[PDB]
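Trainee: Here it is, the structure in full.
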Amino acid sequence: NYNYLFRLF
Amino acid sequence: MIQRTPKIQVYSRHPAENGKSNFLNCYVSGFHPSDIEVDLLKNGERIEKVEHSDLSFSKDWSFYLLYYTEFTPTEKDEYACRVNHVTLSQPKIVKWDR
Amino acid sequence: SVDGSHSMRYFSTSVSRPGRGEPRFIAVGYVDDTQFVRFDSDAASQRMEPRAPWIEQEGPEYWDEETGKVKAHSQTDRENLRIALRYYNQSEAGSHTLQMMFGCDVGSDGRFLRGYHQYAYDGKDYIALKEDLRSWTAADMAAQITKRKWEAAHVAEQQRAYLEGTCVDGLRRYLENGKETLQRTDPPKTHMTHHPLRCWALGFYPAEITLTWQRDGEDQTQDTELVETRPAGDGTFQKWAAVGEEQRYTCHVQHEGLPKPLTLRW
């Protein structure tokens, strides 16, 4: 299961 | 930035030098960045069908790739691997040994 | 490994293609040393694809949902590649690489052990979630800017939930469905050669292996050559060790798939 939240730097 | 030179290993999949099907492999590892050219060579001529695994990397973030072509080794037939990378002034050619 | 622990890892690479279009995104998924999924932005499917027989036993909702999450990653790291240019005052003509690793560890019993969430820019550490899954390790002044933002937005909590939850739930399921394949070992095939000598371990899984040289029962480090473990292409791995003067030396091979550590008769 991949992650569902990705953030910017 | 820090560019890492590729580590090259050309080798046979299963043990063989005679009529028994195997796979010729050129495993490149420990390099950065990812743009790399791997050519399997038969007596100096590029083998046309050479597949490779999906790009992945190690704990130090350096990449590794395995290039392979299906083959049936014979006693006399010679093979090689040609690898070019940004860290390489000229293509490096490693010949299959044992 | 010997602990009996099992691990799920997702590796992602983004390489910007200046003047040649949008960046290339490759994402690969591994359970221990066996890959099971992949996603390549250059591929026509534009969807998460299987690479192990036991992941195809998953439902069809899985492949749609997993595709949506890896595509979000690829699109998110495309802006992050551009943010890095501003943080480091670099030009739009250079090719740069952004790498991410995330995943979790479980034990032999399947309980949560560790979590991972790290980034690298151009092959060197950018930012990492620390082992407490609550604080961040920033490697340079650029990552300090990102660390402050991720502390204000409380990103650690949102990741810690995934690592302890959805992450381990999947690893368990993949381990059980791949029981016939994942919870097994391949012992090395040992053999030795001589040249005016070296031991060979072939066809072993997992890749964790140790090759030792002892002369007359004493550890030998000098005149010894050990190459990195290599894949054969069939899911197993290979490694060899080497050192007139002869007969007095012995090669000792240790592996979690070996009933006993092996000693090689020259």
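Residue numbering restarts at 1 in every chain; chains get A, B, ... in the order shown in the structure tokens, and ligands count up from 1 in that same order.
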I'd like the contact shell of residue 6 in chain A - 12 Å cut-off, only C-alpha atoms, skipping same-chain residues fewer than 2 positions apart - returned as a list in words.
Mentor: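 Surrounding residues, per the criterion: residues 2, 3, 4, 8 and 9 of chain A; 68, 69, 70, 71, 72, 73, 74, 75, 76, 77, 78, 79, 80, 100, 102, 117, 150, 155, 156, 158, 159 and 162 of chain C.
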Trainee: Output N, CA and C atoms of each residue in that selection to a file, as an mmCIF file, in the first residue's frame.
Mentor:
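Ended up saving to part-v2.cif:
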```
data_model
loop_
_atom_site.group_PDB
_atom_site.id
_atom_site.type_symbol
_atom_site.label_atom_id
_atom_site.label_comp_id
_atom_site.auth_asym_id
_atom_site.auth_seq_id
_atom_site.Cartn_x
_atom_site.Cartn_y
_atom_site.Cartn_z
ATOM 1 N N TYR A 2 0.797 2.012 -1.092
ATOM 2 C CA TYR A 2 1.540 3.257 -1.206
ATOM 3 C C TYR A 2 0.987 4.282 -0.212
ATOM 4 N N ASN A 3 1.737 5.359 -0.002
ATOM 5 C CA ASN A 3 1.242 6.428 0.856
ATOM 6 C C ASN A 3 0.243 7.283 0.082
ATOM 7 N N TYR A 4 -0.639 7.970 0.812
ATOM 8 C CA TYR A 4 -1.684 8.746 0.157
ATOM 9 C C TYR A 4 -1.520 10.252 0.324
ATOM 10 N N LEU A 8 5.030 19.289 -0.122
ATOM 11 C CA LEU A 8 6.000 20.102 -0.837
ATOM 12 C C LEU A 8 7.124 20.524 0.103
ATOM 13 N N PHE A 9 8.266 20.870 -0.483
ATOM 14 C CA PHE A 9 9.430 21.233 0.316
ATOM 15 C C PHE A 9 9.294 22.649 0.868
ATOM 16 N N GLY C 68 -3.377 5.980 -8.259
ATOM 17 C CA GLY C 68 -3.641 7.364 -7.917
ATOM 18 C C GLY C 68 -2.641 7.939 -6.936
ATOM 19 N N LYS C 69 -2.093 7.099 -6.054
ATOM 20 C CA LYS C 69 -1.158 7.601 -5.054
ATOM 21 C C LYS C 69 0.244 7.789 -5.625
ATOM 22 N N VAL C 70 0.683 6.900 -6.521
ATOM 23 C CA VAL C 70 2.026 7.039 -7.083
ATOM 24 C C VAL C 70 2.070 8.182 -8.092
ATOM 25 N N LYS C 71 0.955 8.439 -8.777
ATOM 26 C CA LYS C 71 0.871 9.566 -9.700
ATOM 27 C C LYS C 71 0.902 10.890 -8.948
ATOM 28 N N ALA C 72 0.250 10.947 -7.782
ATOM 29 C CA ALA C 72 0.341 12.131 -6.933
ATOM 30 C C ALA C 72 1.777 12.382 -6.497
ATOM 31 N N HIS C 73 2.501 11.315 -6.155
ATOM 32 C CA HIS C 73 3.909 11.442 -5.793
ATOM 33 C C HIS C 73 4.718 12.021 -6.945
ATOM 34 N N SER C 74 4.551 11.454 -8.143
ATOM 35 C CA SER C 74 5.293 11.927 -9.307
ATOM 36 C C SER C 74 5.009 13.398 -9.584
ATOM 37 N N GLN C 75 3.747 13.811 -9.452
ATOM 38 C CA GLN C 75 3.406 15.210 -9.686
ATOM 39 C C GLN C 75 3.878 16.107 -8.548
ATOM 40 N N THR C 76 3.911 15.586 -7.318
ATOM 41 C CA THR C 76 4.392 16.382 -6.191
ATOM 42 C C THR C 76 5.900 16.593 -6.256
ATOM 43 N N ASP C 77 6.660 15.541 -6.569
ATOM 44 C CA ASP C 77 8.110 15.678 -6.652
ATOM 45 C C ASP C 77 8.555 16.463 -7.876
ATOM 46 N N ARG C 78 7.666 16.673 -8.847
ATOM 47 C CA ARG C 78 8.009 17.522 -9.980
ATOM 48 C C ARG C 78 8.069 18.991 -9.561
ATOM 49 N N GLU C 79 7.132 19.436 -8.714
ATOM 50 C CA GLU C 79 7.244 20.769 -8.116
ATOM 51 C C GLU C 79 8.370 20.851 -7.091
ATOM 52 N N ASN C 80 8.649 19.763 -6.371
ATOM 53 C CA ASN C 80 9.732 19.803 -5.393
ATOM 54 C C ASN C 80 11.082 19.956 -6.081
ATOM 55 N N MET C 100 13.279 9.365 -3.079
ATOM 56 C CA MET C 100 12.503 9.168 -1.864
ATOM 57 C C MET C 100 12.454 7.686 -1.525
ATOM 58 N N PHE C 102 10.412 5.217 1.449
ATOM 59 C CA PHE C 102 9.518 5.081 2.587
ATOM 60 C C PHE C 102 9.071 3.631 2.692
ATOM 61 N N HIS C 117 11.106 7.407 6.153
ATOM 62 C CA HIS C 117 10.585 8.479 5.312
ATOM 63 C C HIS C 117 11.679 9.492 4.999
ATOM 64 N N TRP C 150 7.420 21.661 7.493
ATOM 65 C CA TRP C 150 6.826 20.377 7.821
ATOM 66 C C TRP C 150 6.557 20.242 9.313
ATOM 67 N N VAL C 155 3.547 17.429 9.553
ATOM 68 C CA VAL C 155 3.632 16.345 8.579
ATOM 69 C C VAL C 155 4.013 15.027 9.245
ATOM 70 N N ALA C 156 4.803 15.076 10.322
ATOM 71 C CA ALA C 156 5.270 13.848 10.964
ATOM 72 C C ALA C 156 4.106 12.987 11.434
ATOM 73 N N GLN C 158 1.024 12.859 10.248
ATOM 74 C CA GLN C 158 0.327 12.252 9.118
ATOM 75 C C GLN C 158 1.106 11.075 8.538
ATOM 76 N N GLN C 159 2.439 11.139 8.558
ATOM 77 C CA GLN C 159 3.242 10.022 8.071
ATOM 78 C C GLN C 159 3.275 8.880 9.082
ATOM 79 N N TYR C 162 0.400 6.512 8.657
ATOM 80 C CA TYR C 162 0.561 5.596 7.532
ATOM 81 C C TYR C 162 1.566 4.499 7.853
#
```
Trainee: Write out as a PyMOL selection string every residue belonging to chain B that has an atom at most 12 Å from any atom of chain C, counting only C-alpha atoms.
Mentor: chain B and resi 1-4+7-15+22-35+51-70+98
Trainee: Please compute the CA of residue 108 in chain C-CA of residue 5 in chain C distance, one decimal, in Å.
Mentor: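 The value is 5.0 Å.
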Trainee: Set the distance at 8 Å and use only C-alpha atoms: which residues neighbour residue 93 in chain B once local chain neighbours fewer than 5 positions away are removed? I'd like the list as a ChimeraX atom specification.
Mentor: /B:80-83
Trainee: Kindly save the residues from that selection, with C-alpha atoms included, as a PDB file, in the first residue's frame.
Mentor:
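Contents of selection_26.pdb, freshly written:
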```pdb
ATOM      1  CA  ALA B  80      31.422  -8.603 -23.249  1.00  0.00           C
ATOM      2  CA  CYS B  81      29.850  -5.599 -21.612  1.00  0.00           C
ATOM      3  CA  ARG B  82      30.284  -1.977 -22.651  1.00  0.00           C
ATOM      4  CA  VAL B  83      29.245   0.680 -20.135  1.00  0.00           C
TER       5      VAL B  83
END
```
Trainee: Could you jot down the CA of residue 38 in chain B to CA of residue 84 in chain B separation for me, Å, one decimal place?
Mentor: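 Between these atoms lies a distance of 6.9 Å.
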Trainee: Skipping near chain neighbours, those fewer than 2 positions away, what residues fall within 7 Å of range 240-256 of chain C using only C-alpha atoms, listed as a PyMOL selection string?
Mentor: chain C and resi 2+197-201+208-216+223-227+258+261-266
Trainee: Identify, on the basis of only C-alpha atoms, every residue whose closest approach to residue 134 in chain C does not exceed 8 Å; exclude the query and any residue fewer than 4 positions from it along the same chain; express the result as a list in words.
Mentor: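 Using only C-alpha atoms, the neighbours found are residues 129, 130, 156, 157 and 160 of chain C.
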